[PDB]
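The structure appears right after this line, and notes come after that.
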Amino acid sequence: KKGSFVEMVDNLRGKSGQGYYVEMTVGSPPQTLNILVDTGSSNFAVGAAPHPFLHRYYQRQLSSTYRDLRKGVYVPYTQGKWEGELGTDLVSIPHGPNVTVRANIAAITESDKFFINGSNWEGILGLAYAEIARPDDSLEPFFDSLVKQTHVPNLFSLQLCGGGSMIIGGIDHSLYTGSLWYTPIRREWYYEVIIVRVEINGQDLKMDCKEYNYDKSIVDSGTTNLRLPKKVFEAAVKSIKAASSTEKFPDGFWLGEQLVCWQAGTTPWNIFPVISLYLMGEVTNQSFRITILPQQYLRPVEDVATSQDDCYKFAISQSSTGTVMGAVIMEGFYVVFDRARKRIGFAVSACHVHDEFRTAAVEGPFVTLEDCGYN
Ligand SMILES: CC#Cc1cncc(-c2cccc([C@]3(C4CC4)N=C(C)C(N)=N3)c2)c1
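In the entry's author numbering, the protein residues as written are 497 to 502, 1 to 156, 171 to 377, 380 to 385.
Right, here's the structure in full:
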């Protein structure tokens, strides 16, 4: 049953805080590495040299199928950077499709604040499109090579839990309930989508819908938080604060830089509101909503030291580069990256979040008798 969806189920480990990752092999003989599943980037980039935070790394000299491309790559981010060398080599996913492809690989030789202590992965699998690949869009991303070189359908789905499942090439109906609702992929670079309405405990934020997508909105498995443009973030917070006003938290909580803790088992979920993000539908002015519980946007921080308590970071934070629907949004949903039809599907996940009062949900259609996208 190698490569059956059944065999791909449960192939991810990790958590929203440090990343979800899938086992991969590179080279011949195969070198086993854990790799971040990242829909917010487009390079297959792997530690290729010793580093304090790396338990293992890619050793190209030991791979006889490695091919050097004689091209450097330097990738700086807001937070930290990496530098490396491009080449190609044979790549497979042991708990993924039953196939081996030749793929681009950036062998990371130096990096600053890129690898994460105790995340247990050694590289990143950028699943977004070539337009954002480094050094440029001519470096073919992994998934494109996979589809090109095999009979794998041009679609993958992610079921993140809090490991989860990355199903390549198809939809595993055992991983969701109810209906699958699709939002268009606006442009093939990041997985760009359009948010048309935002409610907090059913109260509309009442902003021009372009504000929700200033200057883009993306679906990013490589981002922990729900990240919101400043104007939207401020309104969300004001609204969540109002909803939970029976308890006050330091401003550092709201800034995401400080835990809030309750005695084990006593988190007052009921004082936090639900968040509804309405996503553009596949037909004009029809939309559907995905609803997010505090169990999602309050990210638990596991720490033996604080373990008499349950502690959390606020996992909604401010962005100056557009909305990011990160891991805490994707968790408890089954998310279908249907590249073939240029759409992203959402359905309630088998591992969704709920208590006895409320539950994560995917609901539609909603009709609204304006273009919500930015240029
Ligand atoms: C879920 C999760 C997670 C997670 C936790 N810590 C670190 C990372 C992490 C570590 C290194 C880089 C990145 C990266 C970068 C390639 C562009 N940056 C971004 C916003 C993204 N989508 N991928 C993320 C991910």
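Quick reminder that beta carbons are idealized off the backbone N, C-alpha and C, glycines included.
{"Check": "Could you compute how far the alpha carbon of residue 384 sits from the alpha carbon of residue 221?", "Outcome": "7 Å"}
{"Check": "Let me know if residue 50 comes out buried or exposed under the rule of 16 or more other beta-carbons within 10 Å of its beta-carbon.", "Outcome": "exposed"}
{"Check": "Taking 8 Å as the cut-off, is the beta-carbon of residue 231 closer than that to any non-hydrogen atom of ligand 1?", "Outcome": "yes"}
{"Check": "Can you tell me whether residue 244 is buried or exposed, with buried defined as 16 or more other CB within 10 angstroms of its CB?", "Outcome": "buried"}
{"Check": "Quick one, are the C-beta atoms of residue 295 and residue 376 less than 9 Å apart?", "Outcome": "yes"}
{"Check": "How long is the line joining the alpha carbons of residue 124 and residue 303, rounded to whole angstroms?", "Outcome": "35 Å"}
{"Check": "Could you tell me the alpha carbon to alpha carbon distance between residue 316 and residue 242, rounded to whole angstroms?", "Outcome": "32 Å"}
{"Check": "Could you say if the stretch 34-48 and the stretch 97-106 meet the contact criterion of at least three C-beta pairs nearer than 8 Å?", "Outcome": "yes"}
{"Check": "Less than 8 Å separating the Cβ of residue 210 from some heavy atom of ligand 1?", "Outcome": "no"}
{"Check": "Using the C-alpha atoms, what's the distance from residue 102 back to residue 53?", "Outcome": "11 Å"}
{"Check": "Decide if residue 265 is buried, meaning its Cβ has at least 16 other Cβ atoms within 10 Å, or exposed.", "Outcome": "exposed"}
{"Check": "CA-CA distance, residue 42 and residue 12?", "Outcome": "20 Å"}
{"Check": "To which residues of the same chain is residue 80 closer than 6 Å at the C-beta, ignoring the five residues directly before and after it?", "Outcome": "63, 65, 67 and 100"}
{"Check": "My parser needs the beta strand (DSSP E) runs of 3 or more residues fully inside the stretch 5-81; what are they?", "Outcome": "6-9, 13-20, 25-32, 38-41 and 61-70"}
{"Check": "Can you find a heavy atom of ligand 1 that lies under 8 Å from the Cβ of residue 332?", "Outcome": "yes"}
{"Check": "So, at 8 Å on beta carbons, what are the nonlocal neighbours of residue 286 in its own chain, with the 5 sequence-adjacent residues on each side left out?", "Outcome": "203, 204, 205, 206, 207, 295, 296, 297 and 374"}
{"Check": "Using the beta-carbon count (16 or more within 10 Å), is residue 355 buried or exposed?", "Outcome": "buried"}
{"Check": "Taking C-beta to C-beta, are residue 31 and residue 183 nearer than 9 Å?", "Outcome": "no"}
{"Check": "Using a 10 Å radius around the Cβ and a threshold of 16 neighbouring Cβ atoms, would you call residue 281 buried or exposed?", "Outcome": "buried"}
{"Check": "Kindly list the residues whose CB is nearer than 6 Å to the CB of residue 224, restricted to its own chain and excluding five residues on each side of it in sequence; keep chain order.", "Outcome": "200 and 330"}
{"Check": "Contact check, residue 9 vs residue 156 under 8 Å by CB: the rounded distance?", "Outcome": "6 Å"}
{"Check": "Taking C-alpha atoms, which residue in 256, 372 and 267 lies nearest to residue 289?", "Outcome": "372"}
{"Check": "Going by DSSP, what residues sit across from residue 317 in a beta bridge?", "Outcome": "271"}
{"Check": "Please determine, among 196, 239 and 234, the residue with the shortest C-alpha to C-alpha distance to residue 216.", "Outcome": "239"}
{"Check": "For residue 108, which residues from the same chain have a beta carbon less than 6 Å from its beta carbon, with the 5 sequence-adjacent residues on both sides left out?", "Outcome": "74 and 76"}
{"Check": "Express the C-alpha separation of residue 15 and residue 229 in angstroms, rounding to a whole number.", "Outcome": "10 Å"}
{"Check": "Thinking C-alpha only, which one of 314, 292 and 136 is nearest residue 382?", "Outcome": "292"}
{"Check": "Measure the C-alpha to C-alpha separation of residue 274 and residue 186 and round it to an integer number of angstroms.", "Outcome": "31 Å"}
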